[PDB]
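As written, the chains take the letters A, B, C, D, E and F, and residue 1 is the first residue of each chain.
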Amino acid sequence: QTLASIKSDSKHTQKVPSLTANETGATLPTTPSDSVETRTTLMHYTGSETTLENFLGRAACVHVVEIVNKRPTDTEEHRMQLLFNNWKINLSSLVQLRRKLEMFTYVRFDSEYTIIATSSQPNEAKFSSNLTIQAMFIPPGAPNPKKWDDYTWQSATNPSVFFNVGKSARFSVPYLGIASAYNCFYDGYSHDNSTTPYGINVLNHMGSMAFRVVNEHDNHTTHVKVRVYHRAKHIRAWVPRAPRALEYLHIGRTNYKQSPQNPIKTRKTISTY
Amino acid sequence: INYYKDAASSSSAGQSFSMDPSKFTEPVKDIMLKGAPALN
Amino acid sequence: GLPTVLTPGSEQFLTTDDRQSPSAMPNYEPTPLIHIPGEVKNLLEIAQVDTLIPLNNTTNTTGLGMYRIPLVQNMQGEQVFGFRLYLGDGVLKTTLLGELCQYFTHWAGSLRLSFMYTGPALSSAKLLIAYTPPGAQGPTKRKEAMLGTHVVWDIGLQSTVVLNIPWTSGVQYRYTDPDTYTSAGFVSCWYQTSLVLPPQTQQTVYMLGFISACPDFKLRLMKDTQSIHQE
Amino acid sequence: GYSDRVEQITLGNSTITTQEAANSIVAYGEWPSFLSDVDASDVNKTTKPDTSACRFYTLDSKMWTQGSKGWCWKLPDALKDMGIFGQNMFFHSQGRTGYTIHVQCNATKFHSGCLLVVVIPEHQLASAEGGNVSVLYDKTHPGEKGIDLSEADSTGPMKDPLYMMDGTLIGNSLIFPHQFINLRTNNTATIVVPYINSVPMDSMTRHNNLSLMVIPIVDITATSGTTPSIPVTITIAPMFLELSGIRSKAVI
Amino acid sequence: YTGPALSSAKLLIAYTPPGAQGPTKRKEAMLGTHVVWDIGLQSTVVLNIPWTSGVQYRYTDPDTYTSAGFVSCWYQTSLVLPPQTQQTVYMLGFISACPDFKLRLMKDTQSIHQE
Amino acid sequence: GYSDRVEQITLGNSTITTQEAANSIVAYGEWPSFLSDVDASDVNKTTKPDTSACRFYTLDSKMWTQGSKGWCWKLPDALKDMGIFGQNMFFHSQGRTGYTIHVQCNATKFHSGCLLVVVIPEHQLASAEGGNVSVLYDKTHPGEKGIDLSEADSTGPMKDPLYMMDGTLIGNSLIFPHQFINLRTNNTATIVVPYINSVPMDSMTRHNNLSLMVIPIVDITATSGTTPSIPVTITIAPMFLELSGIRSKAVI
């Protein structure tokens, strides 16, 4: 083990650790033994809890979609009627995760996903149904299904997952780059043009994940919500940054309200305890 | 103990590292807390 | 009975998984394998084989016309052809390399173009083949084209020129699919001098464009193509 | 002997001499250096302009007066018109460089006030309009002019310095490489920044790497007399400039 | 301290361990852990606040039982500006962890919400 | 390197930091220390409060203005109300201690003037009434208030600083451990005094050992403006406090 503090007695000297200049940008380490007399004592601590790996290594809900088992209607696309529901992958959707990731400029990790489906029947259904849910990963450039039963669902090359409602799926996805780390922020454009979109949305090309109820139409509508959780593994990050203080507005943007609420609470006086 | 071949399938091992706060607390060229004046 | 714990994912069907499974036909003895020519181990072996580029895919061009690049008479400094360089799209969409690459999300590594001059043995010409890295438009003039990566092709005894297009990228991988951010720039060809045919000869001559992967060509992540549909 | 407050920086054919300086900062503890053969993915032999580009350039000075909100420059954009460095940005597909940044602000012993100089990588700006509005190229690429946080612009970025144009409180910006200019002591800040990116080399025009911000944490003031006005001069040099992919000059 | 180079002052920075209120007077503040800061050539003073606790860990969240006491600052002498000078001067406060700083159990923050 | 003018004194749970100081004085060349086994006559095991008492205490500051005559404090009396040290004085029959004394007085470069800080052992005071009149307990034991030589008191000690309340000229008081605060240079004085007595240990209440006097040899003045007023702060700590003879708290 290591010491938290080393016994130190009263000093009268020329060396003054208590005086410095923050103008240098340094935050030179000091200890209690520099200001006060101290007893020798052990840390009894490793810092394991504070490792980056443990911090970003807990699963978090990323996104929730809804798909239904319903008789297709001739007048609506199978996306208008939720027979099929293609999520564009972006961990920024559910902002608790977003903040934890935004604390770093560049982040690299393998992903682990857990997908959980739950059904409900708000209608007059006479029985429950443990519907089979299909998830399909659609890389950028890959075909986007038009119909709940389209040819695209064959998943000839697309990774796919089948699981039942009430069950869950779990799988790993290796770091997808294309760069050496994921960018949390991007101070730039896709190209040199005045009207080009600005920000990380430029780089976020992780594709999309399509969800479907595999089962054919029953005699009633069934609503299924699918919750996607994400956990990072083998996590590395670079260039830490200050956490966002203001409420987020939109995915991939750092925008905030025109007249934001100051995060800092106030008090009657600087002298109030 | 590993059941899969892709590295991505491995568990979130598992190797701790020593800390190196100097990257963020002492990036300043050629200084040390000697108790010496910071600017001289 | 060993105590066990089930984890999330139990009984899931993952199409990309790999597990052992019971044989439906115990003790079956497969037909012996005989030597068959042309064994393939990697798609990248195939990607390195030249195929034709339907470069002249212009409106009202039909049949094999799309694979013929016209060159003509007394043009000087003029553009022969040009296209935005896409891997899974543009004029390369239907090439072998293209179709192979349509099965992959990302691609890195150099490409090769080559051109075969099929005009009269008595003819001659010099062409400029040029590549313009991302971050610019055009070229619209030869003067711009010459500022990129280029080769001047002396259409003489040997009919074919090869241009290796280098991995001029600040990004480790580009997308196969059209993408502004990772676009690969442009390819163009200009008349360095002019097409010269024997005296009193007036005709269009052609060249064929080819494409293949370089040995350093890389493909990173498999996906379905958009080049097929089914009812 | 020598004192930390006195320093000379020689770079290319230019020098900077200081007498009242704080020890310079090497961001993240690492010096700028050239791309190695195990980092590179670019098969093109790179160009190393060295002295012709790696020298100090000075940006037009701005005045610091009471009420000033601070200023922001983007790199490499700020240097886009700076001679050879500038031209090289448009003739190459991609490039890589670190910087040495010097912020100078003279005052007497009768002055007080304090600037915070921060270099923020990938400083993605919030639009002044908020909502889902992006910031236009024109407003993220002012070049030498920089962004004056004191100047209203309904189509520009958010300007209120409390948040560093991104919804994040300034108080915590000290996590980034930074240095203060406390008129009480030093009159200049020096920060050395290595190339920082997820990509070995990148476009010099569609993307900025660093955002240099100078904010008057404590307003300028004198012991007596009228509102003081002190120029703030910023001098920046590329450290290890490495370029690739020569092509027709980009037009934007 | 960001005031004029010609100015001077001495400040008392003090920490009052749990089990007491205030301080309301300098005479009380001086009885705790403190440092007198000579605002001279060097602009910055560092006060290391010791782990004055009978409990191995405190709660991050407000808690009476594990409260950490109070921090205060008093004018040891006074602010002195050049003759005929009348103005407010300022100082900036900073905070950081000591090398012995420990965090024990992760939880969600209360500093963000979502609709 | 280090300069004599910059010093840090750490004692117990308190510190003093100076930037403009004169080298401290160790009176008579000897450090405070504990009573040895060949000095002691007291068979009672002694108490050594250490940190709980041996820390810096600050006495209420007094203002130095033109016309001020100076001030005087008695030790240990001055610290009689100072927390634990204070209480220990009344719960013990006898005790022994040295002191560290710091006199602080801030000024600018536009000020001038000079204090003389003297520590006088056994400073037996002359009565204001002269004759054969003794000085009452109440007037030799003001505690923190000290004796303000500027304040008239017909029953107090003689106040005229020319003689240090004892018929002896101030000019020769420099024979005693002393240090000046010359606003031109240092702004503080530091004196360390060992226990001085004919008796190994003694009463902490019926008798003072040291008399600390601070006299404005040269009146405070500024180059311009109205009469200046500068606080003088005195901070004192027991060095090696050794106590004996526990009994019911003395009442006086």
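Definition applied: a residue touches a chain if its C-beta (ideal position, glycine included) is under 8 Å from a C-beta of that chain, and two chains touch if they have at least 3 such contacts.
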Required steps from chain A to chain C (each step between touching chains, minimum): 1
Set of chains whose contacts include both chain F and chain C: A
Those chains which touch chain E and also touch chain B: A, D, F
Reference chain A; chain at largest CA-centroid distance: F
Between chain B and chain C, centroid-to-centroid distance (C-alpha), Å: 44
Where chain B and chain D are represented by their mean Cα positions, the distance between them in whole Å: 27
Separation of mean Cα positions, chain D and chain C [Å, integer]: 42
Distance from chain F to chain A - Cα centre to Cα centre, in angstrom: 65
Chain F: positions in contact with at least two other chains: 1-2, 6, 8, 13, 15, 17, 19
Interface hub residues of chain B, defined as touching at least two other chains: 24-28, 31, 35-39
Per-residue overlap in chain A, given as positions that touch at least 2 other chains: 13-27, 29-30, 35-36, 47, 179-180, 190-192, 196, 240, 243-245, 247-248, 263
Pairs of chains in contact (touch as defined earlier), listed by label: A-B, A-C, A-D, A-E, A-F, B-D, B-E, B-F, C-D, D-E, E-F
Touch list for chain A against partner chain C, complex: 114, 138-143, 151-152, 154-164, 167-171, 176-180, 190-192, 196, 202-203, 205, 207
Complex contact set, residues of chain B against chain E: 25, 37-39
Contact footprint of chain F on chain E as seen in their complex: 6-10, 26-27, 30-31, 33-38, 40-42, 45, 76-78, 80-84
Residue numbers on chain B that touch chain F, as the complex places them: 35-37
Touching residues on chain D, where the partner in the complex is chain B: 3-5, 22-29, 175, 177, 185-186, 192
